[PDB]
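Excluded from the calculations below are hydrogen atoms, water molecules and symmetry mates; all remaining heavy atoms, backbone and side chain alike, are included. Order of the sequence lines fixes the chain letters, A, B, ..., with proteins taken first and strands second; residue numbering starts at 1 for each chain.
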Amino acid sequence: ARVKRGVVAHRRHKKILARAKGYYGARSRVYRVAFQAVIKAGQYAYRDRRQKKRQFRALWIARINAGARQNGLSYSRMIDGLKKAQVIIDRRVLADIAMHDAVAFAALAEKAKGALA
Amino acid sequence: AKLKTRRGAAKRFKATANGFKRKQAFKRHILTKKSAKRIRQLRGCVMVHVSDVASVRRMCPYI
Amino acid sequence: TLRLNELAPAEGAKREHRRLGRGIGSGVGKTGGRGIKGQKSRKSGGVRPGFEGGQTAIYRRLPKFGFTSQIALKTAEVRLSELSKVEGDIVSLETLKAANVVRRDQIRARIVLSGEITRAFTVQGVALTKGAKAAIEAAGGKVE
Amino acid sequence: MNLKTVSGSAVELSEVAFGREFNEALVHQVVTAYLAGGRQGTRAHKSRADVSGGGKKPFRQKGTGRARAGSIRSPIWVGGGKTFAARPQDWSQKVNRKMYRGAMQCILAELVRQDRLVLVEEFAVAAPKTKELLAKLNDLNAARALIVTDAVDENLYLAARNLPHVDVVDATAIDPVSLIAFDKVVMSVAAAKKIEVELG
RNA sequence: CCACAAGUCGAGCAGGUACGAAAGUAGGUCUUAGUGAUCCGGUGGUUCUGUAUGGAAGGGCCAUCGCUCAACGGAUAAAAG
RNA sequence: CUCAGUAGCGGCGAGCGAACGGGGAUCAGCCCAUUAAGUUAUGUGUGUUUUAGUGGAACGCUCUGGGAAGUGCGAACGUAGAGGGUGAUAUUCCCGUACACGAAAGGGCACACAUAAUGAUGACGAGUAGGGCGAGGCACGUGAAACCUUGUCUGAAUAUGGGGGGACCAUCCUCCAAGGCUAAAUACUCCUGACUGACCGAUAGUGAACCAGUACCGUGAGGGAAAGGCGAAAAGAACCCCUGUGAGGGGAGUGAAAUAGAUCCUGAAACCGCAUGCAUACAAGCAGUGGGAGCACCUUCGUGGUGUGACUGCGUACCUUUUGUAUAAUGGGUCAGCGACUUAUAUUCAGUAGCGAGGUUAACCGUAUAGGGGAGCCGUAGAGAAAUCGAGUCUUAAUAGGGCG
């Protein structure tokens, strides 16, 4: 029972090269270089699925800081005031409201500073 | 091919019900300086240690 | 049912053989379970059985003892319960050889008290122990 | 048990030969042994010692910049010997006598309780004629069948030789693969008695 | 106590002793160093074996002898640049 | 085939390794001067086999199609439904197959007769058996070393005799050397015929599927390649045009197909062009990844699809070897194909199946995976160096104690 390797080997190499579409130079043409490139892309994706949450939380905090300083508070004081007032709206919704609705954010800041007082 | 016994080990060991018996060393010569207790307690057969039983089994497969 | 494509072995009867050096996922890739370097990792790498690295071996630091007896190779031992294989009532060396409890080249036999018997037997020329003789006589036989 | 022929006649068969429970693992082992014993096992390959030439070192050990080599017939090289060259083999296995007999008994009992065994008092052919045999099997509704008889008449053998899916064997030549492959087994009473005496 | 092979302490029991009136003490010396496995041979004893049989030769068992094998767990009977 | 990796041999190391007995295959004895069985030639007779060959059954319609053996519907032969071919897949188209016939002439084999010849310089075994010295062979290495052969020196008795039974002696048992012939069971394949394969299918299989032991290399012995495929059928492209009466192409024509057009089935990858869409000439690094504006095409008009990716956070390849590697430590120019834990025997453990105080055959026979074949092996009892005992045995004066059970 002699076995030839051509069909299966060709299928595996073609799948790797198909996943390597769009890369520069030999990285999308040459099997060795392409194979090294796909593994590194997977590792980067695994790491960045964790980095994404931190980056977006930082963005929300910056926007909330800008809105608070427009209303006369700092970010830390506004967060403490909301916690004391028992509002449990999270930073994503707070930043959305800060971006798109100034009056509602002003009301939230009034509530927070009233609780701080 | 059939396994071959190591004939030196065959001459040194014998099989018992649950193991192997052997003679004791230091009783061939230089006997005057040894005390009577060692002379009589190094006489007779003892058992092969469990650390060496596996090697004895490898060397003597038919006993 | 009962077709050449509907028969199966029992569970646990067959296992796949181990194949070394066929990738990471198999768990036995690369070195194939041999470790890294050294004599045992080479082809035909094990040392001779009984070799202990150079110190005097266990079978050479101990003394030889005893001699081999030639008559022991021709003396045969027969259990009492094996007398049931004997056809007839006479128990002798020839009859035991015919019943295949004694090898054909043995020249004498001894009967030991091991099991139980029911039939009555006559013994001619076979050695008996004190227990076996009592058992035979209790069953209802005679000696010589 | 009592068995009924195509004419309704009653035959007595012991439980030992035609009444055992089915042991699938035993049957599988025996059938696989028969199939393996059918192999021929004639082949060979050439190792690095058998390939023509290759005695001299192709080039010196050091200084040339090439990978070191000892012979042009190394299994690494194209045209070199095969790494592990095969030799003719024997593929027969040992089957215990009792295991073989038990497997045959189980097969016969399964055929009986699946209604694939047809008992007939007498099965003879008048002349060596394929059409006559075909009509005789069609009336019994056994077009695809293995025919077992106490003795193999030459006329019956010649008539059956050219029929597809029809084979005729003696009572003392039944094999487990043949008992299973055919759609039906048509057995004479005398053959059934001899197989009874042999206990499968 | 200890990888193994080895090493150390020991009440008590039987026989035959020595010294004490006796209860008793004694299986070397206050103790811890003064040493060498296996193989091969030598000497004394033996209700073991003994290649047809009776013996014998040879072998076994018990006691003991021949190592600066000191590179001292000792690659050979025998070896420098 | 067992006995048996046993008894033994061995710097008693590594290793080497019997015989007796038992089970089979095949079986057979005949002579030394008047001399046998047997063998080899020649001729004759009979029988078989072989070297050319002959006959040899049975199918139509319809649909798809370049072409039917393929679809659908019905039929026939079968001692022939093995195989090969025919424009795609045929028991009934062709060659064949089962079966039945066939030899002027020649060859082989078998048995039986006739003649030769051989056996057959040999008639009971003297420079022989045995011995001293040195070697060799026996499983057996000088060992307690029997037995066989002899280079050298010697040297009997001769049936009231002589050889052997593992140093040697006695007694018993057994055989008759120093003269010959003899089939079968056993070993092998340059070659011939038929058949077979859980053997290969052009980097495989012979080195060699092809004008291969060739081309080529070497003074020589010697070493030693690469290279298969148009189409069913050449029907292998008349004729016209560009060009140098070239190469190459464009029409026309053949063909089911010409991107099947001659190094012609299919035509992958590395590598190299042309075309369209987007990005790109103020910006520093393993070239991606998570976000993300704009543009182009498509569109179920969308919280849609495809291509591109301005700007931005993070981010120093892979393998090996190491205490430790982005390492300026090793290996890889790239692609495609090939390339490394196997096979036989023995043994131990674990699963699983059969039988179970029992289990199981080996060689071999067998028109043969069956059925026979029980020799042998493992288990069922230990203790002791052993003789010996035996649910006990060894040590001991001990029934004490203790060791193995």
Could you tell me if [N] and [M] satisfy the stacking criterion of six-membered ring centres under 5.5 Å apart and ring planes within an angle under 30°?
N	M	answer
E:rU46	E:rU47	no
F:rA37	F:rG38	yes
F:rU320	F:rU321	yes
F:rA7	F:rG8	yes
F:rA391	F:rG392	no

Next on the checklist: So C:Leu96 and C:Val86, do their side chains get closer than 4.5 Å, heavy atoms only?
Outcome noted: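 In contact.
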Write down the distance separating the [atom1] atoms in [N] and [M], rounded off to the nearest Å.
N	M	atom1	result
F:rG277	F:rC338	P	44 Å
F:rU92	F:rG60	P	12 Å
F:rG250	F:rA262	P	12 Å
F:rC30	F:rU49	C1'	36 Å
F:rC271	F:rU276	P	24 Å
F:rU150	F:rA159	P	27 Å
F:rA232	F:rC265	P	12 Å

Examine [N]: is either OP1 or OP2 under 4.0 Å from a nitrogen or oxygen in the side chain of [X]? Give yes or no.
X	N	answer
B:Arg12	F:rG13	yes
A:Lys40	F:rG315	no
D:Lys98	F:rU360	yes
B:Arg43	F:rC394	no
B:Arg40	E:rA63	no
A:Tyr23	F:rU289	yes
C:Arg79	F:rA381	yes
B:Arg7	F:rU6	yes
B:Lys33	E:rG36	yes

Across all strands, who's sitting opposite [N] as a Watson-Crick or G-U wobble pair, both distances under 3.5 Å?
N	result
E:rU68	none
F:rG356	none
E:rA57	none
E:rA63	E:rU43

Syn or anti for [N], with syn set at within 90° of 0?
N	answer
F:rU149	anti
F:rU97	anti
F:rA104	syn
F:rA123	syn

Item to check | Nucleotide of F:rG384, F:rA80, F:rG390 approaching C:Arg110 most closely (side-chain heavy atoms) | outcome: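 Nearest to the side chain of C:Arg110 among the choices is F:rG390.
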Would [N] and [M] count as a Watson-Crick or G-U wobble pair, both distances under 3.5 angstrom?
N	M	value
F:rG47	F:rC109	yes
F:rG60	F:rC73	yes
F:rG331	F:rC318	yes

Checklist entry - What is the sugar pucker of E:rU25, north (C3'-endo side) or south (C2'-endo side), as given by the torsion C1'-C2'-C3'-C4'? => result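 It is north, as the sign of the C1'-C2'-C3'-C4' dihedral turns out positive.
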